[PDB]
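Throughout, numbering of the chain's residues begins at 1 and tracks the sequence. Order of listing sets the numbers, starting from 1, for every ligand and every atom in it. Hydrogens, waters and symmetry mates are skipped; everything else that's a heavy atom, side chains included, is used.
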Amino acid sequence: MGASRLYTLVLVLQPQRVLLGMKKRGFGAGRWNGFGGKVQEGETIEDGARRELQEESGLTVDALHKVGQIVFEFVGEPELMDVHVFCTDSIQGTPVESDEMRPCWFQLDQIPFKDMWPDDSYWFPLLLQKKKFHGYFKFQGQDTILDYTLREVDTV
Ligand SMILES: CCOC(=O)c1ccnc2[nH]ccc12
């Protein structure tokens, strides 16, 4: 309940590896993550996903697929974060470093969960298993999960 703000998150997932970026500034700096950000006025959610992927990594894609939705609450912040998660295996181009992100490929048994947001350990396996999901995570600061829910869905 309450006003929420729209965000995107894009995971480039190939058969034996996944592309992540080391966030170089701002919110989440110092952690590996997918590519994304705030959705702007005048663009769809999926347009916003492609825009952030191109700005942060130089990549474009043929198709994005909806895989999940995660709602974040941060203690003492008024806006909830409504994050729409997408995947793809159809990249056009070679990934390149930006002001915001330094991209690297990881093997699927070497995903660096110790240096990622702590909710990723819960929902990433569902992404890897190609299951669609709805998550909720309540955070105190950037390290501590106070409450969460997670379930599989038919419709994202
Ligand atoms: C795209 C904006 O997503 C983020 O703000 C965020 C916050 C907390 N855990 C997270 N895990 C992955 C992303 C993420």
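Here ring pair (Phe, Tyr, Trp, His ring centres under 6.0 Å) pairs that include residues 14-36, with residues two or more places apart or in two chains, are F27-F74, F27-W117, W32-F106.
Applying the 4.0 Å criterion to heavy atoms of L9 picks out, from ligand 1, the atoms 12 (C), 13 (C). Near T8, meaning under 4.0 Å from any of its heavy atoms, are these atoms of ligand 1: 1 (C).
A side-chain donor from one of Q92 and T60 sits under 3.5 Å from a side-chain acceptor of the other.
In this view, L80 and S4, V71, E73 satisfy the side-chain contact (heavy atoms from CB on, under 4.5 Å) rule, not counting sequence neighbours.
Of all the heavy atoms of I70, none lies under 4.0 Å from any atom of ligand 1, so neither backbone nor side chain is involved. In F72, the part holding a heavy atom less than 4.0 Å from any atom of ligand 1 is the side chain. Counting heavy atoms closer than 4.0 Å to ligand 1, residue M81 contributes side-chain atoms (C-beta onward) but none from N, CA, C or O.
With respect to the salt-bridge test (charged N to carboxylate O, under 4.0 angstrom), the residues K23 and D115 do not qualify.
To the nearest 0.5 Å, the span separating CG on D89 from CG on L19 amounts to 11.5 Å.
Between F137, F139, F124, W117, it is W117 that holds the heavy atom closest to atom 8 (C) of ligand 1.
Between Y148 and the options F72, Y136, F133, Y122, a ring pair (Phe, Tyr, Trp, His ring centres under 6.0 Å) holds for only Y122.
Pairing each heavy atom of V67 with each of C87, the nearest pair is CG1-SG, 3.4 Å.
Protein heavy atom in closest approach to atom 9 (N) of ligand 1: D119 OD1, 2.8 Å.
Between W123 and ligand 1, no N or O atom pair is found at a separation short of 3.5 Å. Inclusion of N33 in the set of residues having an N or O under 3.5 Å from an N or O of ligand 1 is not warranted.
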